[PDB]
Amino acid sequence: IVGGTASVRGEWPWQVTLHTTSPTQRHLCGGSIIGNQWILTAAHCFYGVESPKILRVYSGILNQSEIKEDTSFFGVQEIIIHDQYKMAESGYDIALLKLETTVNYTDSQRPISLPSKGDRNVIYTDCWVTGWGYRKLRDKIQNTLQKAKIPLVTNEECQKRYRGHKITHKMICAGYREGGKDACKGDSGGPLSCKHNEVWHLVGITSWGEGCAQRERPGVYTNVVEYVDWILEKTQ
Ligand SMILES: O=C(O)Cc1ccc(NC(=O)[C@H](Cc2ccccc2)NC(=O)CCc2cc(Cl)ccc2-n2cnnn2)cc1
């Protein structure tokens, strides 16, 4: 996250750090807890990933440095990628991880609700991107989960910013006209979380964008409400 501030323990308890262990252990992507055995993440995250056997899901982490040889983690039983996924920029950048066991929800690991049936109308004015990514292009993965408030922009404005890409209704765009705050390298797969009526909804998944927090170039996020039937199909 560029222009972001450190978060506190328990603040974004649906957030996960997904690690690879091949050829060495490191943060791969962010993720959101949506069910006791279910993580929602980005499809492009598994580009180099031979099978679910090398993946670890770490819940309840503020700082990446807490993850020791004995920090418990969740195994991944399955990686379900949307069947129309090709590259992130052309959409369908959505995947589910089935954990090998159920999450017991605590103050440090909770589910985030999907956008509600009946709220397709809603204008979300309180949206936040979280993660452990670079604070600029060319940087490193950050130790403390970061947070940053970012405004949604219309799909019409976003298309005018990316005239070389097809910006469709299954994408949602977020960023400041001036730049400054946005997701960056290492934040993909994580949530764009919006509070509506004091309930937090998983409105987008960090996907792609041109540069990190440049002016007139919003972040592009998988539009979660357009995939709720796909998620429910796969998670029932
Ligand atoms: O190895 C390391 O140093 C740590 C390390 C760990 C993860 C990553 N991740 C990435 O490069 C992934 C795309 C990607 C994910 C997984 C596999 C391949 C590509 N991209 C992102 O996370 C941010 C994408 C992104 C999303 C949004 Cl909404 C806006 C801007 C951007 N960026 C534009 N230029 N850079 N970022 C980078 C470095």
Side-chain angles (χ1 to χ4, degrees), residues 1-4 15-32 39-50 52 54-58 61 64-65 67 76 79 81 85-95 97 127-143 145-153 155 157-158 161-162 164-165 167 170-177 179-194 202-224:
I1 307 294
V2 196
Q15 177 91 55
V16 302
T17 182
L18 169 59
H19 278 220
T20 178
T21 65
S22 213
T24 201
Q25 189 175 147
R26 63 185 181 78
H27 166 91
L28 174 58
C29 285
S32 297
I39 312 297
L40 196 66
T41 197
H44 74 266
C45 285
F46 307 98
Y47 177 64
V49 166
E50 47 264 62
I54 53 149
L55 303 176
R56 307 180 151 190
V57 174
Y58 284 99
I61 301 310
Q64 289 279 327
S65 52
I67 291 163
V76 173
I79 316 164
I81 287 155
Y85 174 72
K86 315 205 278 178
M87 55 162 194
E89 295 104 293
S90 77
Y92 308 94
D93 194 14
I94 186 158
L97 304 185
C127 300
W128 290 74
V129 67
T130 45
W132 291 275
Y134 292 12
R135 284 183 283 88
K136 60 170 169 140
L137 266 174
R138 300 226 169 189
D139 192 29
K140 67 181 158 192
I141 294 306
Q142 298 302 118
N143 202 58
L145 179 69
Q146 304 286 124
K147 78 189 179 181
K149 195 169 178 174
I150 315 195
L152 304 174
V153 327
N155 265 25
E157 189 187 344
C158 193
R161 301 326 186 195
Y162 295 105
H165 301 98
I167 305 311
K170 304 205 293 314
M171 312 182 170
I172 181 148
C173 299
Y176 291 91
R177 256 120 179 353
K181 296 170 167 177
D182 191 29
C184 198
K185 265 150 145 141
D187 300 316
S188 62
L192 180 61
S193 316
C194 305
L202 186 51
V203 156
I205 307 170
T206 303
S207 189
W208 68 275
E210 184 188 323
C212 295
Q214 304 293 320
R215 73 169 232 102
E216 286 176 345
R217 294 305 185 257
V220 190
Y221 294 76
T222 300
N223 202 357
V224 178

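Remember, it's 1-based here, ligands and their atoms both numbered in the order they're listed. Positions are given from 1, in the same order as the sequence printed here.
- Ligand 1 lies less than 4.0 angstrom from a heavy atom belonging to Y221.
- Checking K147, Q15, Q146 one by one against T130, the side chain to side chain donor-acceptor pair (under 3.5 Å) holds for a single residue, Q15.
- Here is the list of ligand 1 atoms found below 4.0 Å of a heavy atom in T206: 26 (C), 28 (Cl).
- Side-chain contact annotation: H44 with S188, donor-acceptor N/O pair under 3.5 Å present.
- Heavy atoms of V129 found under 4.0 angstrom from ligand 1: none, in either backbone or side chain.
- For residues 204-221, the pairs satisfying salt bridge (charged side-chain N to carboxylate O under 4.0 Å, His left out) are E210-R217, with sequence neighbours left out.
- Among protein heavy atoms, atom 29 (C) of ligand 1 sits closest to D182 OD2, 3.4 Å.
- Put simply, the residue from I39, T41, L97 that forms a side chain to side chain contact (heavy atoms under 4.5 Å, CB included) with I79 is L97.
- Taking every heavy atom of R26 and a limit of under 4.0 angstrom, the matching atoms of ligand 1 come to 1 (O).
- Residue contact check: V220 has heavy atoms under 4.0 Å from atoms 28 (Cl) of ligand 1.
- Counting heavy atoms closer than 4.0 Å to ligand 1, residue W208 contributes backbone atoms (N, CA, C, O) but none from C-beta onward.
- Looking only at heavy atoms of the protein, atom 33 (C) of ligand 1 is closest to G211 O, 2.9 Å.
- Side chains of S22 and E50: a donor-acceptor N/O pair is present below 3.5 angstrom, by distance only.
- Atom CD1 in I150 sits 10.5 Å away from atom SG in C194 (nearest 0.5 Å).
- Here the straight-line distance linking atom CG of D187 with atom CH2 of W132 works out to 9.5 Å at 0.5 Å rounding.
- Here atom 18 (C) of ligand 1 lies nearest to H44 when heavy atoms of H44, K140, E210 are compared.
- At the shortest separation from atom 7 (C) of ligand 1 among protein heavy atoms lies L28 O, 3.4 Å.
- Ligand 1 has a nitrogen or oxygen under 3.5 angstrom from a nitrogen or oxygen of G186.
- Scanning the protein for heavy atoms near atom 11 (O) of ligand 1, the closest one is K185 CG, 3.3 Å.
- Given atom 23 (C) of ligand 1, the protein heavy atom at minimum distance is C184 O, 3.2 Å.
- Contact annotation: the side chain of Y134 approaches that of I141 to within less than 4.5 Å [non-hydrogen atoms, C-beta and beyond].
- Residues satisfying the ring pair (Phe, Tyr, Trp, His ring centres under 6.0 Å) test with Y162, not counting sequence neighbours, are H165, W208.
- Proximity annotation for atom 21 (C) of ligand 1: of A174, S207, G190, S188, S188 comes nearest, heavy atoms only.
- Counted by atom type alone, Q142 and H27 present zero donor-acceptor pairs between their side chains at under 3.5 Å.
- Of all the atoms in ligand 1, the ones that sit under 4.0 Å from a non-hydrogen atom of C212 are 32 (N), 33 (C), 34 (N), 35 (N), 36 (N).
- By the neighbour-count criterion of 12 heavy atoms within 6.0 Å, atom CZ of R135 is sparsely surrounded, having that number or fewer from other residues, nucleotides or ligands.
- Annotation: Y134 places an N or O atom under 3.5 Å from an N or O atom of ligand 1; distance criterion only.
- Within ligand 1, the atoms closer than 4.0 Å to a non-hydrogen atom of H27 are 6 (C), numbered from 1 in the order shown.
- Regarding atom 5 (C) of ligand 1, its nearest protein heavy-atom neighbour is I141 CD1, 4.0 Å.
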